[PDB]
2 protein chains.
Amino acid sequence: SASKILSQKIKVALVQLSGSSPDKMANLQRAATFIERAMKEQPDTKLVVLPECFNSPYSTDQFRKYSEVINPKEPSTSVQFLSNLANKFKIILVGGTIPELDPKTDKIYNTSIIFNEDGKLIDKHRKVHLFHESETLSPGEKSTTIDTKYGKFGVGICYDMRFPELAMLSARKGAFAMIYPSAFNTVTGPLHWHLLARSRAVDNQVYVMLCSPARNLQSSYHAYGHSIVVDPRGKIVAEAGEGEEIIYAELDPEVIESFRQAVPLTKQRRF
Amino acid sequence: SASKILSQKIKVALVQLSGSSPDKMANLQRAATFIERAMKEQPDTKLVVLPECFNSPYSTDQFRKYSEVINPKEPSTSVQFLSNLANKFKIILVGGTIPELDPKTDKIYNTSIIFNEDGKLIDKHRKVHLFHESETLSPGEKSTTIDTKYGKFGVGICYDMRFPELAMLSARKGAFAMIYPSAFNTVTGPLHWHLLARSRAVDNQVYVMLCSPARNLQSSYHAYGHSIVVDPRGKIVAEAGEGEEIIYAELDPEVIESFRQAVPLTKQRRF
């Protein structure tokens, strides 16, 4: 009911940006503009999320072309931009996926870069579960559970929410939330989006945040939208529509606890 | 699209009975009456389910008293009754839980007894996951996946649907459906019932049937009702209200297949 899995009540902001235009600079600039609005509307924000592949076009034949960013010690155009937004504001910023290129293996991935309040690139998550959709990108192999001064939280990408292992894993390690930068479409969205979000939250009794891009009917891909935050019991506490917008929530440690007391997580591990 | 996990299209019937009265005989008799109606309305039925603890009162202080039944080679009053209904009709009958008493250990469980088309007691499931609620009954340790001439299906009881392991287990073993005799209440039911049913079906892409008792406002326990059958993609194909009734569905092997093609189960087990 106060600091265990979540140290304090932290307010968050999901940014359902309509970026992904051919102009990367304009995309980052817009992601900057909208995070300024998030911080102005809710100054006590501590965690901010951007949607999947926000800095470039959401298309397999462009990934290579825009993977331009690589992540290491020495920054990158996108790694630097988000890094500077990270510490300019208190916030822990989940960069929400960008095309990645590995200098060595020459493979290109879809990774979510996570920063801390000082701007340091904490961890990163290469999309594990992912025809071209697999003929252009390579898969990740690590489960991502970032450590933070408030507690730990898992991060998965799009297709990754369809596999409960990723959640159970980060959740049982102590995570107070599983965050997923994803982009379902007008067909797959109405069918499984709400379900999975609420399913991963009640099964692991953690918070779940889904950050989708704004539905752009002018592109090849029509994002579903509906970025949401659901609480430990299945309740949707925040939710966007299809358009471009910012939603806000507050993760309470008493809510998680209150409902963990109710429905115990003591499983008969003999199976 | 024809015999793999499910040999043929099999029609089923969930019996949302309002039994559980102090008179056991009357309860069985009623379960008999309603299964006759099931077979009359839908003669090609192959699988029939009864709701949790249908032959006796749903109260911890009565289980001992009504556990009167023990399951072995030599039948019991309830094991005999359901056995006879099993072969009188083609049907494979999931006796949907009754208080059980182990002669040796002298422990009493909440077990679901399964019969085949000739009346043989194929298998049984002692509720695994389950203050008095755990101070009157003992837990089970086996995961139940019954074998059938059409394919395999898993069986869990009430609280058991809250632990995805049980579903993943039976599902990956080859099951085409996870059946759960359960009895949520007017409080817990509106919150998690539909979600869990649909969550276990889309995550494992199998059929999920939940058989609840009829909501009896005259008892200490107010069952939620809403027995349902959801398909591999999350669609609810059959669903009862709160009252006493029988619902029907048809498990199609092409549905399971068609949607397994769409969303592959091929997971990166490297986690």
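Start at 1 and count along the chain as shown; that gives each residue its number.
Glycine too: its Cβ is placed from the backbone N, Cα and C atoms.
Copied over from Swiss-Prot, here are the features:
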type	residues	note
MOD_RES	B:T33	phosphothreonine
ACT_SITE	B:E52	active site, proton acceptor
ACT_SITE	B:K127	active site, proton donor
ACT_SITE	B:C158	active site, nucleophile
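In this structure, the CA atom of B:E52 (active site, proton acceptor) is 8 Å away from the CA atom of B:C158 (active site, nucleophile).
With a cut-off of 8 Å between CB atoms and residues at least 6 apart in sequence, the same chain places B:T97, B:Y109, B:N110, B:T111, B:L137, B:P139, B:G140, B:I157, B:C158, B:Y159, B:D160 near the residue listed as 'active site, proton donor', listed in sequence order. Taken residue by residue with DSSP, B:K127 (active site, proton donor) is part of neither helix nor strand, so it is coil. In the three-state DSSP assignment, the secondary structure recorded for B:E52 (active site, proton acceptor) is coil. For the unresolved segment of 10 residues bounded by B:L130 and B:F131, the separation of the terminal Cα atoms comes to 10 Å. Listed in sequence order, the residues of the same chain lying 6 or more apart from B:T33 (phosphothreonine) and placing their CB within less than 8 Å of its CB: none are present. A simple way to gauge crowding: the CB of B:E52 (active site, proton acceptor) has 24 other CB atoms within 10 angstroms, across all the protein chains here.
In this view, the residue listed as 'active site, nucleophile' is surrounded by 21 other Cβ atoms within 10 Å of its Cβ, with every protein chain counted.
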